[PDB]
Amino acid sequence: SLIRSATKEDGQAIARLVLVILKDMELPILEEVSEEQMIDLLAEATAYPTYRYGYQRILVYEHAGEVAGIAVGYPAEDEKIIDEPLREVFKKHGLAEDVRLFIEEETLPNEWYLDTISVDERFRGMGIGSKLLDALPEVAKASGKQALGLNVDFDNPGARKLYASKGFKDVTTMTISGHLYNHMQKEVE
């Protein structure tokens, strides 16, 4: 029902969705910090313009006036600065600043890079991811980028078919933390 860019008040909702990703990565920080505290830390980092999951980097899909899914991405040149805000928030809260997060080696030069499309578990099976993805060319374009890019795991040929059908084309191959990926791009107006 509504697609809009995230606001500062979408912090907790974005943080809940991001928690799912962390931990699916099995980040060791989740053994040391409770879920509730991790959500608070993430939400606070959300308020930084440059954060990986900063609201300014995020498109929201609103279903029944509630955050149902988010699409998150950034210019490729921003990849080395995106995790700094979360390290700053950790330092503020007395935690070690050098928590293991993402390996920052996944983009190609000159794309708007799609980091994640995440759909709330309560709203699966409703087309939300695929609609968020339809909205993304205009985001790349407004960013001055002529390519929108992404990585799909080799063992996700279903997702890869989905992106193919939306105009994405295989461009390279990457290995990140043992997993192999197809890097795909779609040209933008």
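For the numbers below, each heavy atom of this structure counts, side chains included, while hydrogens, waters and symmetry mates do not. Position 1 is the first residue of the sequence, and the numbers go up from there.
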### Message
Using side-chain heavy atoms (C-beta onward) and a distance below 4.5 Å, is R87 in contact with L101?
### Response
yes
### Task
State whether a side-chain donor-acceptor pair under 3.5 Å links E44 with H93.
yes
### Message
Is the shortest side-chain heavy-atom distance between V60 and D10 below 4.5 Å?
### Response
yes
### Query
Taking 4.0 angstrom as the limit, do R122 and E66 come out as a salt bridge?
yes
#### Entry: Within 6.0 angstrom of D40 CG, more than 12 heavy atoms from elsewhere
yes
### Query
Any donor and acceptor pair, going by atom type alone, linking the side chain of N156 with main-chain N or O of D153 inside 3.5 Å?
no
### Task
Please report the closest heavy-atom contact between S1 and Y61, naming both atoms and the distance.
N-OH, 3.0 Å
### Summary
Applying side chain to side chain contact (heavy atoms under 4.5 Å, CB included) to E84 and not counting sequence neighbours gives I81
### Task
Can you see which heavy atom on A96 is nearest to which on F90, and at what distance?
O-CD2, 3.6 Å
### Task
Would you confirm whether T46, through its side chain, and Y53, through its main-chain N or O, come within 3.5 Å as a donor-acceptor pair?
yes
#### Entry: Step-by-step ring-ring contact (aromatic ring centres under 6.0 Å, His included) determination, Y181 to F154
CA-CA 5 Å; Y181 294 88; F154 271 13; 8.1 Å; no
#### Entry: Step-by-step side chain to side chain contact (heavy atoms under 4.5 Å, CB included) determination, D120 to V67
CA-CA 8 Å; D120 192 306; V67 181; over 6 Å; no
#### Entry: Test item: side-chain donor near acceptor, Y163 and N182, under 3.5 Å
no
### Query
How long is the gap from OH on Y51 to CG on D78, to the nearest 0.5 Å?
14.0 Å
### Trace of the side chain to side chain contact (heavy atoms under 4.5 Å, CB included) decision for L133 with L114
CA-CA 9 Å; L133 177 56; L114 169 60; 4.2 Å; yes
### Message
For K23, is the NZ atom crowded, meaning more than 12 foreign heavy atoms sit under 6.0 Å from it?
### Response
yes
### Message
Starting from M25, can I reach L95 by hopping between I/L/V/M/F/W/Y residues whose side chains sit under 4.5 Å apart?
### Response
yes
### Query
If you look at every heavy atom in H63 and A68, which pair is closest and at what distance?
CB-CB, 3.8 Å
### Shortest non-hydrogen separation from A15 to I39 and the atoms involved
CB-O, 3.4 Å
### Query
Tell me, do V72 and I117 make a side-chain contact under 4.5 Å, heavy atoms counted?
no
### Task
Would you name the heavy atoms of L132 and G69 that are closest together and state the gap between them?
CD1-C, 3.7 Å
### Message
I'd like to check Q146 versus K141 (side-chain heavy atoms, cut-off strictly below 4.5 Å). Are they in contact?
### Response
no
### Side-chain heavy-atom pair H183, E111 within 4.5 angstrom cut-off
yes
### Message
Pair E35, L30 - check side chain to side chain contact (heavy atoms under 4.5 Å, CB included), show working.
### Response
CA-CA 7 Å; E35 297 208 354; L30 303 169; over 6 Å; no
### Query
Can any side-chain N or O of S34 pair as donor or acceptor with the backbone N or O of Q37 at less than 3.5 Å?
yes
### Query
Is the closest side-chain heavy-atom distance between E104 and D83 below 4.5 Å?
yes
### Summary
What one should report as the nearest heavy-atom pair of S143 and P75 is OG-CG, 3.7 Å
### Query
Mind checking whether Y74 and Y113 have parallel, tilted or perpendicular rings, split at 30° and 60°?
tilted
### Query
Going by heavy atoms in the side chains, are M184 and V171 under 4.5 Å from each other?
no
### Message
Once rounded to the nearest 0.5 Å, what's the spacing between atom OG1 of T50 and atom CD1 of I82?
### Response
9.5 Å
### Task
Hey, could you give me the CG/CG distance between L136 and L148, rounded to the nearest 0.5 Å?
5.5 Å
### Query
Is it true that the side chains of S130 and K166 contain a donor and an acceptor less than 3.5 Å apart?
yes
### Task
Decide yes or no on side chain to side chain contact (heavy atoms under 4.5 Å, CB included) for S5 and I58, but give the supporting numbers first.
CA-CA 6 Å; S5 43; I58 302 182; over 6 Å; no
### Summary
Separation between CZ (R52) and CZ (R57), nearest 0.5 Å, reads 9.5 Å
### Summary
Value for CE (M174) from OG1 (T107), rounded to nearest 0.5 Å, stands at 7.0 Å
#### Entry: Check: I29 and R100 side chains under 4.5 Å, non-hydrogen atoms
no
### Query
If you measure from CD on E106 to OG on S177, what distance do you get to the nearest 0.5 Å?
9.5 Å
